[PDB]
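Novice: For the deposited numbering, add 29 to where a residue sits in the sequence shown, where the first one is 1.
For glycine and all other residues, C-beta sits at the position ideal for the given N, C-alpha and C.
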Amino acid sequence: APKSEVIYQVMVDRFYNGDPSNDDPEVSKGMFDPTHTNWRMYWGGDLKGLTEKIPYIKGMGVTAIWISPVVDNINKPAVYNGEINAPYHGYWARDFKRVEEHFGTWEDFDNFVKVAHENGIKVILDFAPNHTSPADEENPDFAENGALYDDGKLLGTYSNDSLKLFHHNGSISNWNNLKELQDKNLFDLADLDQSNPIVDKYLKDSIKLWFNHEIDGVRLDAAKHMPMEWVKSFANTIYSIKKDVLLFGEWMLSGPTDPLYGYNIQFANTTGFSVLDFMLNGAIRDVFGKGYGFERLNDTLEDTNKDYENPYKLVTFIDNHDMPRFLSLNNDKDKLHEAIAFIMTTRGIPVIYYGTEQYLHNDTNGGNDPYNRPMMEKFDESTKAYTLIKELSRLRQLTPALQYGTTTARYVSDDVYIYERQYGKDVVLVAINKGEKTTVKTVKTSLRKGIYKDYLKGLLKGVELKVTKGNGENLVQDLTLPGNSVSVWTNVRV
Ligand SMILES: [Ca+2]
Ligand SMILES: [Ca+2]
Ligand SMILES: [Ca+2]
Numbered sequence: 030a031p032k033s034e035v036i037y038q039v040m041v042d043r044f045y046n047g048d049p050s051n052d053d054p055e056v057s058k059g060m061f062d063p064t065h066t067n068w069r070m071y072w073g074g075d076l077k078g079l080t081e082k083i084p085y086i087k088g089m090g091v092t093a094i095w096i097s098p099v100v101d102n103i104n105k106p107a108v109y110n111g112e113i114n115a116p117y118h119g120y121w122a123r124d125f126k127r128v129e130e131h132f133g134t135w136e137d138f139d140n141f142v143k144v145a146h147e148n149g150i151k152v153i154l155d156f157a158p159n160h161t162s163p164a165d166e167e168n169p170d171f172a173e174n175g176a177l178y179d180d181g182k183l184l185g186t187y188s189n190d191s192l193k194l195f196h197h198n199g200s201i202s203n204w205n206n207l208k209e210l211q212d213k214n215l216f217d218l219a220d221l222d223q224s225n226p227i228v229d230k231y232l233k234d235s236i237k238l239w240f241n242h243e244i245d246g247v248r249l250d251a252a253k254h255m256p257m258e259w260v261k262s263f264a265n266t267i268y269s270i271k272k273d274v275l276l277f278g279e280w281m282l283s284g285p286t287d288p289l290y291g292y293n294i295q296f297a298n299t300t301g302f303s304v305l306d307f308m309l310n311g312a313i314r315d316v317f318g319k320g321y322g323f324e325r326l327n328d329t330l331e332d333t334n335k336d337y338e339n340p341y342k343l344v345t346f347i348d349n350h351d352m353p354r355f356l357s358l359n360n361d362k363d364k365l366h367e368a369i370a371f372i373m374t375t376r377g378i379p380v381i382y383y384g385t386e387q388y389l390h391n392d393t394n395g396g397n398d399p400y401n402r403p404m405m406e407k408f409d410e411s412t413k414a415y416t417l418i419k420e421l422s423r424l425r426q427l428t429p430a431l432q433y434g435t436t437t438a439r440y441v442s443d444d445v446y447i448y449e450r451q452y453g454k455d456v457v458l459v460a461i462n463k464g465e466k467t468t469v470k471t472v473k474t475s476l477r478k479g480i481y482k483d484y485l486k487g488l489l490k491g492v493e494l495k496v497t498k499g500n501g502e503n504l505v506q507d508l509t510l511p512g513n514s515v516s517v518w519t520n521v522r523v
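(1) Considering only DSSP beta bridges, list what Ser514 is partnered with.
(2) Going by beta-carbon coordinates alone, are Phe44 and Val99 separated by less than 9 Å?
(3) By the 10 Å Cβ neighbour count, where 16 or more other Cβ atoms means buried, how is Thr497 classified, buried or exposed?
(4) With a CB to CB cut of under 6 Å and the five nearest residues on each side skipped, what residues in its chain are close to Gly47?
(5) Candidates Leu485, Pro158, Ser442: which alpha carbon is nearest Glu465's?
(6) Which residues have a Cβ closer than 6 Å to any heavy atom of ligand 3, listed in chain order?
(7) Quick check on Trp135: buried or exposed, where buried means 16 or more other Cβ atoms within 10 Å of its Cβ?
(8) Between which two residues does the alpha helix (DSSP H) containing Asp155 stretch?
(9) With H, G and I counted as helix, E and B as strand and the rest as coil, what does DSSP make of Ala312?
(10) Do the segment 305 to 325 and the segment 273 to 282 make contact, defined as three or more Cβ pairs closer than 8 Å?
(11) Measure the CB-CB distance between residue 24 and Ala219 and report whether it falls below 9 Å.
(12) Quick check for students: name the residue ranges of the beta strand (DSSP E) that lie wholly in the segment 260 to 294, counting only runs of 3 or more.
(13) As a quick exercise: from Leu510, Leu504, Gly434, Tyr484, pick the residue whose alpha carbon is nearest that of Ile461.
(14) Once you ignore the five residues that flank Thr467 on each side, which residues in its own chain have a CB closer than 7 Å to its CB?
(15) State the beta-bridge partners of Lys473 as determined by DSSP.
(16) As a quick check of your reading: which residues have a C-beta less than 6 Å from at least one non-hydrogen atom of ligand 2, in chain order?
(17) Does DSSP put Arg425 in a helix, a strand or coil?
(18) Using a Cβ-Cβ cut-off of 6 Å (strictly less than) and excluding sequence neighbours within five positions of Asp101, which residues of its own chain qualify?
(19) Roughly how many whole angstroms lie between the Cα atoms of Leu210 and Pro158?
(20) According to the Cβ coordinates, are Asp217 and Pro288 closer than 9 Å?
(21) From the DSSP output, which residues share a beta bridge with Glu449?
(22) Would you grab the beta carbon distance between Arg376 and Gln432 for me? Rounded to a whole angstrom, and I think it's under 8 Å.
(23) Can you look up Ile86 in the DSSP assignment and give me helix, strand or coil?
(24) In this structure, what does DSSP give as the bridge partners for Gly181?
(25) Given 8 Å as the limit, tell me if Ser97 has its C-beta closer than that to any heavy atom belonging to ligand 1.
(26) Identify every residue that forms a DSSP beta bridge with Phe195.
(27) Can you tell me which residues form a DSSP beta bridge with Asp101?
(28) Using only the alpha-carbon positions, how far apart do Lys261 and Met255 sit?
(29) Tell me where the beta strand (DSSP E) around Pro163 begins and ends.
(30) Might you give, ordered along the chain, the residues of its own chain that have their beta carbon closer than 7 Å to the beta carbon of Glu493, omitting 5 neighbours on each side?
(31) Start and end of the alpha helix (DSSP H) containing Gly78?
(32) Here's the rule: buried if 16 or more other CB atoms are within 10 angstroms of the residue's CB, otherwise exposed. What is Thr385?
(33) Measuring from the CB of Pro49, is there a heavy atom of ligand 1 at a distance below 8 Å?
(34) For ligand 1, any of its heavy atoms closer than 8 Å to the Cβ of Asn310?
(35) What do you get for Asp250, buried or exposed, if any count of 16 or more other CB atoms within 10 angstroms of its CB means buried?
(36) Give me, in chain order, the residues of the same chain whose beta-carbon lies closer than 7 Å to that of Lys271; leave out the 5 immediate sequence neighbours on both sides.
Put into C-alpha cells, the structure is as follows:
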C-alpha cells in the first residue's frame, strides 16, 4: 500500500522574502530589484521565507515541496543588449557544492529541510547537471563564461577549459536529433560533458552532498539533453545512498505528435527517473483552456496509461515556470478548479505551481517567462482553490485508488467527463461538467447501490449520486450536473 504524494513547486526567489540581508549580497551585487518591476532580476525570495511559509503549504495537504535549484548560481549577470539577466531562477549554476547566497546559507537550507520534515513534507531538489551558465567562448567577459567551481575551487571556464569539462560543439539547431540535443549547448548554456570522468565524479559527488543534507528526491532539469545511460547511472548513484527517493525528469515534449515521445517513454521506463507528464498536460490545457472536448483528454489519458510501464509514477501538472500559467491561457477560475480537481483524482503525482491557489498570474507577453514567475502576493488560506487543493489530498491519503488505481471512463462527451478509479474494493467516481447544466443518460459504475454524497460538499457545485442495482455493473440514474461543476463520490469511509 504505497504512499500517495502531492507536490508544491516553488520558485524560491519569487515565493517569499524572509531575509532582507541576502537580497543584494556583496559577492554578487547589482542583481536585485526591490521594486519587482525588472522581471529578470532577483526579487528577494529566499530559504528563510520559504521556511516561514511551510505551515501555509502544509495547510494545503502538500506532501512534498519541489524547490527550484538552490545551488550557487553565477555572481555576475548575463547581459544581452544591455539587459541585465540575473540567474534568479536558479538554472545557471556556478558551483554545485554551495548554496546560493541570495537564498541563504547551509544553515538556512538545513533549517528548511528540518521544518519541512517536521511537517511530514519531502524536499525535492530541482537539479540541473546538464550545464552551468550562459557563455560565449569568444568573450570571457560575458556573464561568468560558464565557469564551474568545486566548493569555491575553479575547475574551468568555457574559454579556458583545461580539464575538458564542456562540449565545444556550438548550440542546438536540429532539435529532433538526439545526439545534437545531448552534445550541443542548450541555447548559450555551457554544456557539461558527463563522459569526462572529472565531470562524472563531480556531479555524483554533488548530489551525494545534497542528500547528506537530507533531501528526498530530484526533479531532473533538461533530462532530454543528457545521454540516457548517464542519467541511468546518476539515478543508480542516488538509489545507492537512499531507499525511498522521488525521482522524476523534465523531458520536454512539444505536443501530441512530438517525434521524440518514444525516447521519453524509454527514459521513464528504464532510467529510474519517471517524467513530468507533458502529454497529459497538453490535453488538460486543450480541454480546460482552449475549449476542446473531453475525448481529447480521455484519449490521452488512455494512451499514456498503456504507453508508460508505470504510469502511477507520472508527475502531472497544469502549468509551470516555462509556459503561461493556466489563467493567462484562459482566465476562468471555474475551469482552473476543474483542472485541479482532475489532476488530483488522476493517476500519478500532481503538482501545484506556487500561487495557483491564489489565482496569481501576469498576462504580459502572453504570460510567458518571466511573467509566469510573479511574486507571491497574499497567502489567503480561505480561497476556494486553496480549499479545493486541501480537500482532495485528504482523499488521496484515505485511498490508493487516486494515485495507483485503474482508470475506467464511464461517460465522455464534449463537456462532460465521468471516470472511475479503483484499487481493490476502493472506488472513486468523479464527474466534471465544464459546460452548462445537463442531465446524463445511464452510466455504469461499480459503486454499490444507494445514494452517495459529494465528497467535496458542493464546493464546486457538486451533487449527490444515486445508484440502482443493475445485477452485474450498477446503474447511475438521473445525474443532473450543474454547469461548471465537479462531483466526487466514493465508498471509501471518510
Ligand atoms: Ca532575501
Ligand atoms: Ca551566487
Ligand atoms: Ca548535454
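Specialist: Answer, in terms of the structure:
(1) The beta-bridge partner set that DSSP reports for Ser514 consists of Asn462.
(2) Cβ distance not < 9 Å, so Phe44 and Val99 don't count as in contact.
(3) Answer is exposed; the Cβ neighbour count stays below 16.
(4) Excluding residues within five positions, the ones whose Cβ falls inside 6 Å are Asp75, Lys77, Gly78, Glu81.
(5) Of the listed residues, the one whose Cα sits closest to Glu465 is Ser442.
(6) Residues flagged by the Cβ proximity filter: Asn159, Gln211, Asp220, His254, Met255.
(7) Answer is exposed; the Cβ neighbour count stays below 16.
(8) Per DSSP, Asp155 belongs to no alpha helix (DSSP H); it is in the beta strand (DSSP E), 151 to 156.
(9) Secondary structure at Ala312: helix, using DSSP grouped into helix, strand and coil.
(10) With the rule of 3 Cβ pairs closer than 8 Å, the segment 305 to 325 counts as touching the segment 273 to 282.
(11) It is not possible to answer for residue 24, since the shown part of the chain is limited to 30 through 523.
(12) Fully enclosed beta strand (DSSP E) runs of 3 or longer: 275 to 278.
(13) The shortest Cα separation from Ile461 among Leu510, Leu504, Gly434, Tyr484 belongs to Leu510.
(14) Excluding sequence neighbours, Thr467 sits near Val445, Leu510.
(15) When DSSP reads this structure, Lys473 sits in a beta bridge with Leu504.
(16) Each of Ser57, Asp101, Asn102, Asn104, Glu129, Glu130 has a C-beta closer than 6 Å to some heavy atom of ligand 2; these make up the full list, in chain order.
(17) Helix at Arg425.
(18) Excluding sequence neighbours, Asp101 sits near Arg123, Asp124, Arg127, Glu129.
(19) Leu210 and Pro158 have their alpha carbons spaced roughly 14 Å apart.
(20) Contact annotation: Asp217 and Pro288 have beta-carbon atoms that are not nearer than 9 Å.
(21) Answer is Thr437, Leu458.
(22) Indeed they touch by this definition, with Cβ atoms about 6 Å apart.
(23) Helix, per DSSP.
(24) DSSP lists no bridge partner for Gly181.
(25) If you check the C-beta of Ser97 against ligand 1, you find no heavy atom less than 8 Å away.
(26) In DSSP, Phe195 forms a bridge with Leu221.
(27) DSSP lists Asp124 as partners of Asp101.
(28) In a straight line, the C-alpha of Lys261 is about 10 Å away from that of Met255.
(29) Run containing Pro163: 160 to 163, per the beta strand (DSSP E) assignment.
(30) Contacts found: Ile480, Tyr481, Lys482, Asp483.
(31) Start and end: 76 to 81.
(32) Using a 10 angstroms sphere on the CB of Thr385, the tally of other CB atoms reaches 16 or more, which defines it as buried.
(33) For ligand 1, at least one heavy atom lies less than 8 Å from the Cβ of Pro49.
(34) False, no ligand heavy atom lies under 8 Å from that Cβ.
(35) Buried: at least 16 other Cβ atoms inside 10 Å.
(36) Excluding residues within five positions, the ones whose Cβ falls inside 7 Å are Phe240.
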